[PDB]
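Structural overview
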Amino acid sequence: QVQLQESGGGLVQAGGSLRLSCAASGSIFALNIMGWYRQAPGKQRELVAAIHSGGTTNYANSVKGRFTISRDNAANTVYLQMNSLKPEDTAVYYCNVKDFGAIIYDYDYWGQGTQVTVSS
Amino acid sequence: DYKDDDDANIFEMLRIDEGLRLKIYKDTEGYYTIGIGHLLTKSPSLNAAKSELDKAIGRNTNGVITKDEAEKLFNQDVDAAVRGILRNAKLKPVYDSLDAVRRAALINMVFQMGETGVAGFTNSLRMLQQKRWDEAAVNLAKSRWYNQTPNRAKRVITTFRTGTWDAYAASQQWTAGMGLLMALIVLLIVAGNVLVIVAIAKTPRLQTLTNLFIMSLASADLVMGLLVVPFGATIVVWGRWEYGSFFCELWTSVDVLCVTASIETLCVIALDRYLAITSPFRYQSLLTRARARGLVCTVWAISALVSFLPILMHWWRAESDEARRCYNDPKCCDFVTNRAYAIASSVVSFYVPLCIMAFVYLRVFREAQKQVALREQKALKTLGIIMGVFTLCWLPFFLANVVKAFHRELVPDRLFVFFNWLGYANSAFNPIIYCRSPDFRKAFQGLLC
Ligand SMILES: CC(C)CCC[C@@H](C)[C@H]1CC[C@H]2[C@@H]3CC=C4C[C@@H](O)CC[C@]4(C)[C@H]3CC[C@]12C
Ligand SMILES: OC[C@H]1O[C@H](O[C@H]2[C@H](O)[C@@H](O)[C@@H](O)O[C@@H]2CO)[C@H](O)[C@@H](O)[C@@H]1O
Ligand SMILES: CCCCCCCC(=O)OC[C@@H](O)CO
Ligand SMILES: [NH3+]C[C@H](O)c1ccc(O)c(O)c1
Ligand code: NA
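- This entry, as listed in the PDB, derives from X-ray crystallography and reports a resolution of 2.70 Å.

- Within the PDB entry, the label attached to chain B reads Endolysin,Endolysin,Endolysin,Beta-1 adrenergic receptor chimera, and the organism entered is Enterobacteria phage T4.
- According to its UniProt record, chain B has this under Subcellular location (unreviewed entry): "Host cytoplasm".
- What UniProt states about chain B under its Sequence similarities (unreviewed entry) heading is, verbatim, "Belongs to the glycosyl hydrolase 24 family."

- Under the PDB entry, the name given to chain A is camelid antibody fragment, and the organism recorded is Camelidae mixed library.

And the structure:
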């Protein structure tokens, strides 16, 4: 039913920038968390930036300041404007959505992923 | 001793009316007794009661007897009642004319009220002597006896009117019928709740922090179905408490313990989700591991303080004749409490958790419409069940609980017990309502193959 599209991935030199875009189709509950997760080869999955339907943020402290996550007014899309890239950020970035329609538990929507390699 | 087929019928009559005990117990006056109300001694020595029992039975019983031995004792009591009836000029003419079945109804009355008490029914006894069954049944239905003990008297009067055992055949059919329904209710509560407990303990994905609260709910509901609901079913199918005064206090405490823990846990779960759904990031940081174990311990500590402390300290006791009669009678375990405990327990068990859950889940509805076909419908029906099922199950009881304490005549005991079983039924509904996640489903299917 619900599918989320994943744009903005690519390869760039060290010190460049990117701008990930995630558009989620289908119907979702008003209270949610749109987020981005990354997994480099080896180490397991980690979070970078999550944004709540109210506006509260949460950035991994190895990532905050350089990265900023945002939401679109009247659109189920999340934007991760990322800058000051470093070679330790080579990972597939995943788009996650937390649905709260069932009040007792969390219902995860994952994405396929976009490769991001940072050169030098 | 010598038994008859008539003798066994009058035994099964009072087995239903008064109960059968095969182990020495205490009557309303504290005197040791066995069988169907066979007084052993007024001595306060249990060994003395055992000596009297062994002399009468003809065996070293050590307090425990068989059914046949209880019938030996019972038939002796019937012989004595009959000899009394024959020495009394008010009861002998009626007795001599009655058939065997109606003859057992009269002996039943004498066992309940005494020879002197029954001889005061001058006009009903004359009507019975003249075989005027319907007119005697009408007059007896107007008696003080009928108003004091209606169920007993309905069965006895039906016996006078028809000369059959129909009233006792119908009671026994009902007893087996409810026992079936009770065992089913006990099965659903225990199975559903033990299934949730093991699913959490054998799955690392389910051992989240919110589900730690759901384990508390499932445990408070598990003791309900293992200790509270089964013994509460004995009072419904047998009409009496069969386990002595001491276990009545404990059962009542475990009852209030688990009901308090279960509903307040629903209150904690209601708060938990509110924080995770509204401020999920301050939620994940402030609610630590030990803080979650801090709430559950607080819930159970409050539950023990409102159940074992006041009930065992007799603070919950009312001071009417109706209440003091039930307290002195080990066979009575009705929930009869004073006004203070009825309100204080209702507030701590139901009304405070209701107000929090109502306010919390109403605000989740509010902030969902502010930050807006739409999925708002699927989440609204979910809230409608979480509050609808909870309110529907316990609201009738805790309204009657507070009212009945002030106006004892407004809430019939039958209706009062029924409302309490609606609340008992919530312990089966909770695992259906709160364990509906895909993680539970993948685990439940993995437990049943
Ligand atoms: C939203 C929730 C908290 C509302 C429930 C309030 C309950 C506790 C209210 C509603 C009706 C009230 C009862 C109405 C009438 C009487 C008879 C009165 O002579 C003594 C108090 C008594 C018995 C009240 C006790 C409190 C009561 C039961
Ligand atoms: O012979 C009568 C003799 O036994 C009675 O037993 C009754 C008792 O009255 C009831 O409370 C009820 O339990 O059934 C009992 C079975 O006998 C009385 O207990 C006794 O005092 C009376 O003299
Ligand atoms: C949901 C199942 C409800 C069954 C409740 C049966 C209660 C019944 O009314 O029992 C009253 C008295 O006979 C007992 O003291
Ligand atoms: N049987 C009494 C009923 O279960 C109950 C439970 C909790 C209470 O606080 C109470 O007053 C009554
Ligand atoms: Na009692």
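Side note on the sheet that holds strand 1 (residues 21–26) of chain B
Residues and elements named next belong to chain B.
- Reading across from one edge, 1-2-3 is the order of the three strands in this open sheet, with antiparallel pairing throughout. A strand with exactly one partner marks an edge of an open sheet, and here the two such strands are strand 1 and strand 3 (38–41). Across this sheet, the average inter-strand angle for adjacent strands is 30 degrees, counted without regard to direction.
- Inspection of the sheet shows strand 1 paired to strand 2 (residues 32–35) by three bridges, in the antiparallel sense. Counterpart to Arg21 in the pairing with strand 2 is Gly35.

What to know about the packing of helix 2 (residues 46–57) of chain B against helix 3 (residues 67–87) of chain B
Residue and element names in this part refer to chain B.
- One can describe the packing of helix 2 onto helix 3 by two numbers: an axis separation of 10 Å at closest approach and a directional angle of 90 degrees. One element, helix 2, and the other, helix 3, form an angle in the roughly perpendicular class. Contact residues: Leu53, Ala56 and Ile57 in helix 2; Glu69, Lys72 and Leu73 in helix 3.
- Across the contact of helix 2 with helix 3, the residue classes break down as four nonpolar, no polar and two charged.

Brief notes about the site of ligand 1
Residue and element names in this part refer to chain B.
- Looking at ligand 1, the residues that line it are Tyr351, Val402, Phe406 and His407.
- When isolated, ligand 1 has an accessible area of 620 Å², and the protein chains bury 40% of it.
- When its residues are assigned to classes, the shell around ligand 1 shows three nonpolar, one polar and no charged.

What about the interface of chain A and chain B?
- Between chain A and chain B, the residue contacts involve 22 residues of the former and 24 residues of the latter.
- Buried area between chain A and chain B, both sides added, is near 2000 Å², and the carbon and sulfur share of it is 69%.
- The largest contributions to the chain A side of the interface with chain B come from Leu31(A), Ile103(A) and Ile104(A), which together make up 37% of the buried area.
- Summed over the shared surface of chain A and chain B, the result is two salt bridges.
- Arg273(B) is the salt-bridge partner of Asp106(A), the closest N and O atoms lying 3.1 Å from each other.
- Linking chain A with chain B are eight residue pairs in polar contact, by the criterion used here.
- Taken together, the elements giving at least two residues each to the side of chain A that touches chain B come down to strand 5 (46–52) and strand 6 (57–59) of chain A.
- Here the side of chain A that touches chain B is composed, by residue class, of twelve nonpolar, eight polar and two charged.

Focus on the site of ligand 3
All names here are of chain B.
- Taken together, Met178, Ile185, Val236, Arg414, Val417, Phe418 and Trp421 are the residues near ligand 3.
- Out of a free accessible area of 450 Å², ligand 3 has 71% covered by protein chains.
- Listing elements by their share of the shell around ligand 3, those giving two or more residues are helix 11 (166–201) and helix 19 (413–424).
- The element that contributes the greatest number of residues to the shell around ligand 3 is helix 19, accounting for four residues.

Notes on the side chain of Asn211(B)
Residues and elements named next belong to chain B.
- On the secondary structure map, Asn211 appears in helix 12 (residues 210–238).
- The buried category is assigned to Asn211, whose relative accessible area is 10%.
- Not counting residues up to four positions away in its chain, the partners in contact with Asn211 are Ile200, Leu206 and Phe440.

Examining the pairing of strand 2 of chain B
Residue and element names in this part refer to chain B.
- In this structure, the hairpin formed by strand 1 and strand 2 is closed by a connection of five residues, where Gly30 is found at a positive phi of approximately 85 degrees.
- With three bridges joining them, strand 2 and strand 3 adopt antiparallel strand pairing. By the bridge assignment for strand 3, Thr33 is matched with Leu39.

A short note on the domain arrangement of chain B
Residue and element names in this part refer to chain B.
- By the assigned domains, chain B splits into domain 1 (5–168) and domain 2 (170–446).
- When each unit is reduced to the centre of its C-alpha atoms, the spacing between domain 1 and domain 2 is 41 Å.
- Listed by partner, the interface residues are 16 residues for domain 1 and 13 residues for domain 2.
- The largest contributions to the domain 1 side of the interface with domain 2 come from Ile16, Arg21 and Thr28, which together make up 43% of the buried area.
- At the junction of domain 1 with domain 2, the criterion picks out eight residue pairs in polar contact.
- Residue assignment for the side of domain 1 that touches domain 2 shows that the elements contributing at least two residues are helix 1 (5–18), strand 1 and helix 11.
- In terms of residue count, the dominant contributor to the side of domain 1 that touches domain 2 is helix 1 (four residues).
- Looking at the side of domain 1 that touches domain 2, its residues break down into five nonpolar, three polar and eight charged.

Some details on the sheet that holds strand 9 (residues 92–99) of chain A
Residue and element names in this part refer to chain A.
- Taken together, the five strands give an open sheet; going across it, the order is 6-5-4-9-10, and neighbouring strands pair in antiparallel fashion. The open sheet terminates on both sides in strands that have one partner only, identified here as strand 6 and strand 10 (107–109). Direction aside, neighbouring strands of the sheet carry axes that sit 20 degrees apart on average.
- For strand 9 and strand 10, the ladder comprises three bridges, and the chain directions are antiparallel. By the bridge assignment for strand 10, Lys98 is matched with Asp108.

Some details on the UniProt feature "active site" (unreviewed entry) in chain B
Residues and elements named next belong to chain B.
- The positions that UniProt labels "active site" (unreviewed entry) are, in the present scheme, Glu18 and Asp27.
- Tracing the backbone shows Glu18 in helix 1.
- When near neighbours in sequence (up to four residues on either side) are disregarded, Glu18 contacts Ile36, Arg152, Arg240 and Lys331.
- Positionally, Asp27 belongs in the loop between strand 1 and strand 2.
- Judged by its relative accessible area of 24%, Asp27 falls in the partly exposed class.
- If we ignore the near neighbours within four places in the chain, the residues touching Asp27 are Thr33, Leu39, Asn328 and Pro330.

Definitions and cut-offs
- Residues numbered from 1 in each chain as written, not as in the entry; some residues may be left out.
- Chains lettered and ligands numbered in written order.
- Heavy atoms only, no water.
- Residues with missing side-chain atoms left out of burial classes, pairs and counts.
- UniProt positions renumbered as here; feature names shortened; annotations may be inferred.
- Pairing = 2+ DSSP bridges.
- Helix = DSSP H or I, 4+ residues; strand = E, 2+ residues; numbered from the N terminus.
- Axes fitted to C-alpha atoms, helices over the stretch in contact; angles between N-to-C directions.
- Parallel < 35°, antiparallel > 145°, perpendicular 65-115°, else oblique.
- Contact = heavy atoms within 4.5 Å.
- Nonpolar A, V, L, I, M, F, W, Y, C, P; charged D, E, K, R; others polar.
- Near = heavy atom within 4 Å.
- Areas by Shrake-Rupley, 256 points an atom, 1.4 Å probe, with all protein chains shown as cover.
- Buried area = accessible area lost by both parts, 1.4 Å probe.
- Salt bridge = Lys/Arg side-chain N within 4 Å of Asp/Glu carboxyl O.
- Polar contact = N/O pair within 3.5 Å; in protein donor to acceptor, adjacent residues only side chain to side chain.
- Buried < 20%, exposed > 50% of the residue type's maximum accessible area, 1.4 Å probe, protein only.
- Domains from an automatic or database assignment.

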